[PDB]
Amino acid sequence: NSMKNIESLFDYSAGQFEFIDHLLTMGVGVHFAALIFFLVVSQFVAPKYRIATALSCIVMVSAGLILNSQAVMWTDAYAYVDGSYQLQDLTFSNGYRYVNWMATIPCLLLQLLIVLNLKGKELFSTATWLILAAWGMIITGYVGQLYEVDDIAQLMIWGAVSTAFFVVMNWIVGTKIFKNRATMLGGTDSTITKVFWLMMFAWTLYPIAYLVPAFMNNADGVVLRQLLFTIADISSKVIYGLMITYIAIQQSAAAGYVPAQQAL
């Protein structure tokens, strides 16, 4: 699975290799630091919204474990030899991120629907269509990147199919947001609209990283891709969760939850 990604094609300078290692290890710290924050403020969230901050804790740990796994895989697969880090064993691939996404994306979408105050039949219904659309996106994306070394054309076609799911997914999300933001309390009807645009921006970096093999097929393309993943993860998981948490607390406060009012 590692021979199919471009990381296996190149030697890396100390500077490139340590920059990638430092990017992944920093990602671990950030996520686990935000995990403590999400855990602490959960007591300031009304029971109605408390599951949202819990889902952020699930995302933080899910991401932190795969980023930590990826950093160690990175240092195991390569060895500094003759002035460059060269592939030693085949134990590093990007496929594990696509596993992180399969798991984190349903959680990220669920926390959004919860603060939108959807409930019951509509919650279960809307969540099912989003998670299926999203899994189709991720799965077709994972098939495509198996060809980023061998068959770029296939990468593209699987990229096109994956993007179809992405567009439909965002159309559902946007439609539910704009049709339900009047139900939101404390002025969060204004904040949720920004969350949506944060989503659009953060999530669009992933397909850009996905296409790096096609327009920068070299060792700096590998560094660049990890940098895009790092900006994307922090924005779609950390900042977004903070955005979701702030909305949860605000609506809790507007709903008469005392611990939420005292915290604010």
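Take the two forms, superpose them, and find the largest set of C-alpha atoms that agree within 1.5 Å; that set is the rigid core. Position 1 is the first residue in the sequence shown; the rest follow in order.
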*asked:* So, in 7 other deposited structures of this protein, taking the root mean square over structures and residues of the Cα distances after a rigid core fit: is 84-92 or 189-197 the more displaced stretch?
replied: 84-92
*Identify the stretch, either 133-141 or 153-161, whose C-alpha atoms have the larger mean B-factor according to the entry.*
153-161
*Output the stretch having the higher mean C-alpha B factor in the entry; the candidates are 167-175 and 188-196.*
188-196
*Looking at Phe229, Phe215, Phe38, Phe201, which has the biggest Cα B factor in the entry?*
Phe215
_Entry-reported Cα temperature factor of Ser236, expressed as the chain third it lands in_ = lowest
*Record-listed C-alpha B factor of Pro106: chain third*: lowest
*Lowest, middle or highest third: where is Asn68 by Cα B-factor in its chain?*
middle
*Would the CA B-factor of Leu123 place it in the lowest, middle or highest third of its chain?*
highest
*Check where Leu113 lands among this chain's C-alpha B-factors and tell me if it's the lowest, middle or highest third.*
lowest
